[PDB]
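In structure tokens, the next block holds one chain alone, the form deposited in one PDB entry.
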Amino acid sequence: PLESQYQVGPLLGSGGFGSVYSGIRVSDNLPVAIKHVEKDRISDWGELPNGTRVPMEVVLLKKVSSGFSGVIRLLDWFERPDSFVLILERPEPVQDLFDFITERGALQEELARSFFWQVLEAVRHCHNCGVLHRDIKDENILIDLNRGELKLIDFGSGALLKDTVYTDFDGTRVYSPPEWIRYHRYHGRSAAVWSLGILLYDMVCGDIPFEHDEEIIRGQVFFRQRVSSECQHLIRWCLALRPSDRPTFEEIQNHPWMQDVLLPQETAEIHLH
């Protein structure tokens, strides 16, 4: 069943209408997260290799959960009459990046560099697996505090990666690009890069740059904290108004500000210990 294979603990997270529980796999006492998804809340369905009807979130998790990566892996899933239950890896101790920034404030650039680099590697992994996350933000990034490793979570707004235009979007609006706000259309990669620019600004300034649609479409970036010129340049490049003017993942990682990144363990010893 499910209640027999796992020892269910308390609900995780604060606020929201989701239902993710802390759990432990009885067989080996492995820490897990038990995520419940309401069928009536599912708008995008897909089919696994076998051809079964499941939430797109499951399809995408399966595609990226092969091997090691900076993405939280799906260990198993169950279908119930009115919902699906996903068993996910659970780092311990852990803290999501949103809470981390709330407590620490704007992050030192060395730390932001390490974190951003890991997010880039995780997103590249997703794209390599043919998956577009569509909801990259601090709330969807978990920090494995002891290892200094970041993990991407929640593919509930994702889609299969494609080269044609997307005209649907259910991610976080303040991280969405101007082309979506104005024309209700975008391409996967350039929209992802825009969200990464928002995330990087969030890390080095302690809050997102835009709150209203008018600010997003104007694209003017004001830095509220002291940020190096190189970092500002990278952020402004990711936030270019024209999609084709934004950097590719390769250009981001070859940017001067991204050089000499700390290793995950070094990051934990210096900034998380």
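Rigid core: the largest C-alpha set superposing within 1.5 Å between the two forms. Residue indices: 1-based, along the sequence shown.
Engineer: Is the mean CA B factor in the deposited entry higher across 12 to 20 or across 255 to 263?
Structural biologist: Per the deposited B-factors, the answer is 12 to 20.
Engineer: Out of 188 to 196 and 91 to 99, which stretch has the higher average CA B-factor listed in the record?
Structural biologist: The entry gives the higher C-alpha B-factor average to 91 to 99.
Engineer: From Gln225, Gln232, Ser27, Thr248, which pick has the Cα B-factor that tops the rest in the entry?
Structural biologist: Among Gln225, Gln232, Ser27, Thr248, the highest C-alpha B-factor in the entry belongs to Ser27.
Engineer: Specify which of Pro178, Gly130, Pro81, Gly158 carries the largest Cα B factor in the deposited PDB entry.
Structural biologist: So the option with the highest C-alpha B-factor is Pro81.
Engineer: Quick check for you: using the entry's CA B-factors within this chain, is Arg124 in the lowest, middle or highest third?
Structural biologist: According to the entry, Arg124 has a C-alpha B-factor in the chain's lowest third.
Engineer: Relative to the other modelled residues of the same chain, rank the CA B-factor of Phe116 and answer lowest, middle or highest third.
Structural biologist: Lowest third.
Engineer: Can you tell me which third, lowest, middle or highest, the CA B-factor of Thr167 falls into for its chain?
Structural biologist: CA B-factor rank for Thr167: middle third.
Engineer: Considering every modelled residue of the chain and its Cα B-factor in the PDB entry, is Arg218 in the lowest, middle or highest third?
Structural biologist: Answer is middle: the recorded C-alpha B-factor places it there.
Engineer: Going by the CA temperature factor in the PDB record, which third of the chain does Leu152 belong to: lowest, middle or highest?
Structural biologist: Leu152: CA B-factor falls in the lowest third of its chain.
If you look for the form deposited in another entry, you will not find it shown, but the lines that follow are about it.
Engineer: Aligned on the rigid core, do the two forms place the Cα of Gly15 2 Å or more apart, comparing between the shown form and the other one?
Structural biologist: After core superposition, the C-alpha of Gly15 moves 2 Å or more between the shown form and the other one.
Engineer: Taking the cut-off of 3 Å or more as given, in which direction does the distance between the C-alpha atoms of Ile101 and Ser14 change in the other entry, closer or farther?
Structural biologist: Note: Cα gap between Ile101 and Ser14 widens in the other entry.
Engineer: Is the CA-CA spacing of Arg224 and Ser14 tighter or wider in the other entry than here, given a 3 Å or more change?
Structural biologist: Compared with the shown chain, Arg224-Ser14 is farther in the other entry.
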